[PDB]
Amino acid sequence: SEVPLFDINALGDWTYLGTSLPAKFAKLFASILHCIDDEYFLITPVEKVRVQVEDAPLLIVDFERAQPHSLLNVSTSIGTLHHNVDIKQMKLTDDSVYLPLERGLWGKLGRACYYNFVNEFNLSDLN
């Protein structure tokens, strides 16, 4: 065990060595976060380290289509922004809905945007 030094809880909040990271620090580290074969890492040339993730690495708190019927832009609780997000590729558990983002990362839909997400569906999203 490399016990991971970075932890992301189910609500998307990060710690390092057990200390809470401010959102902007979580956003800095998220820029180099990947999920490879179901395991999470921060990846740089010199340092490649593990991250423990309770649920999803990112919590989606807002979304919009760039244009009618387009793919989605989403933003997260730590302030990251993601483009070209495809409703058709969503994944459900019995508890939550997840959307696929870059670098193998999935974003969990936050409770406060759930109903708005359901309302957003267009039949064209299945095309």
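A residue's number is simply how far along the shown sequence it sits, counting from 1.
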Open item on the list: Tell me which stretch, 87-95 or 41-49, has the higher mean Cα B-factor listed in the entry.
Closed with: 87-95
Open item on the list: Regarding 61-69 and 32-40, which shows the higher C-alpha temperature factor on average in the entry?
Closed with: 61-69
- [ ] Pick out which of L11, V118, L105, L109 has the highest C-alpha B-factor in the PDB entry.
- [x] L11
- [ ] For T19, return the chain-relative third of its C-alpha B-factor as stated in the PDB record: lowest, middle or highest.
- [x] highest
